[PDB]
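Below: the structure, in structure tokens.
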């Protein structure tokens, strides 16, 4: 493997974001969303709902009175940058709404309260927002009403609905496939569903990928496969790799350690690496996914003494390609956001092509109406050699 010596290297202190009141809400979302232009994290707000958005370059201590994105009338639970517009962010709130915000180049000057659009429909708090990867303006949300809504942000309309007949209990996670043809959902009723959301068809299901009582998260990995984190009977944390056409036994099931913290998976299709990090934890582990046995291979971990309250993940376009950076985590402490470069050691001056294949770019491959009518298409690809 060429990822055997991948290592984490935290930014220096003066390149961090400090003196920020990270939200204390107990919830299993990342709490941090980053893109090549801005850093956003969810704040501690008691009079309503707020999150911070700063120009990436505005490092050091944050002015205690910095403009926030407020708008929401109750705590924010989830935030995500639009993959085809670096100035647009969505948030889900305990006020039962998703709001879609526009951020100026230069960040805010004054507190932002009107969103581009307020997406009304959920009857309970909304703690999962997930942008469609390829279809312009398509946004999914899952609330604690156990309902999944898909929206056309361009028209403000809820265009698809999966009711609580589909997910009868808490939805722990939702992931779109590479081409946005499918979602993978994980439910408190212990089934991981693979759903064609347009015709609302469950195309594959695994009952109890894990035996424990705590949450299972699910992400799509390389073609045909999904990945779960979960817990054993004895609350031993597990990662499992599944072949979706044959869900009876996992391709690999590996026991990590006995903690209580939910591991969140971050899958990089350009390297076939998955990174696992939990709130409460001080480490980020990473595995490689291949088609040779045993399919899921432990690479290593970044270890630290500080436990994280959240994690963000830099899109490829913001990465130091010439510094062989293949990921950057945006790690939340109590009062601090700390970027962490993930790097492949190479001693070569040339662009490392093998490390940087063409990657999902910022332009949609389909419109909302096209994807809705039943077209699928993988993302439009760009060169990072630039």
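Don't worry about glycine lacking a Cβ; one is built from the backbone with ideal geometry, like all the others, and counts go over all protein chains shown. Every number in this text was worked out from the coordinates using simple rules, so none of it is lab data.
Distances over 19 Å make up what percent of all Cα-Cα pairs in the range 212-289?
Numbers: 931 of 3003 pairs.
It works out to 31 percent of all Cα pairs.
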141, 259 arranged by Cβ crowding within 10 Å, fewest neighbours leading | 259, 141
Each label sits 7 Å from Cα toward the beta-carbon; between residue 58 and residue 381 the label points are separated, in nm, by 3.7 nm
Sites residue 198 and residue 290 - FRET efficiency at Förster radius 22 Å, r taken between beta-carbons, to 0.05 | 0.10
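Which of the peptides 188-199, 369-380, 29-40 is most tightly packed, and how do the rest follow, judged by the mean count of other Cβ atoms within 10 Å per residue?
Details: 188-199: 18.2, 369-380: 15.9, 29-40: 22.7.
Highest mean packing first, the order is 29-40, 188-199, 369-380.
Quickly estimate the mean residue ellipticity at 222 nm for the chain, helices only: each DSSP H run with n ≥ 4 gives -39500 (n - 2.57), and the total goes over all residues, rounded to 500.
Rounded to the nearest 500, it is 0 deg cm²/dmol.
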Under a point spin-label approximation (7 Å from Cα along Cα-to-Cβ), what is the residue 248-residue 303 distance to one decimal in nm?
-> 4.0 nm
What's the extension gain from residue 118 to residue 257 if we count 0.36 nm per residue and subtract their Cα-Cα distance?
-> 45.9 nm
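Over the range 1-344, what is the percentage of antiparallel beta bridges among all DSSP beta bridges, to the nearest 5? Don't jump to the answer; show the numbers that get you there.
Details: 101 of 105 bridges.
Restricted to the range 1-344, the bridges split so that about 95 percent are antiparallel.
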Under the Debye formula (equal points on every Cα, no solvent term), log10 I(q)/I(0) of the range 1-344 at q = 0.09, 0.15 Å⁻¹ = -0.45, -1.36
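Given R₀ = 41 Å, what would the calculated FRET efficiency be for residue 323 paired with residue 66, taking r from the Cβ atoms and rounding to 0.05? Walk me through the numbers on the way to the answer.
Working: r = 29 Å, r/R0 = 0.72.
With a Förster radius of 41 Å, E is 0.90.
Could you calculate the contour length gain from residue 207 to residue 372, that is, 0.36 nm times the residue separation minus the distance between their Cα atoms, to one decimal place in nm? It would help to have the intermediate numbers written out before the result.
On the way: separation 165, 0.36 × 165 = 59.40 nm, distance 2.89 nm.
Result: 56.5 nm gained on full extension.
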Between residue 270 and residue 73, with labels modelled 7 Å along Cα→Cβ, what's the label distance in nm to one decimal, could you check?
-> 4.3 nm
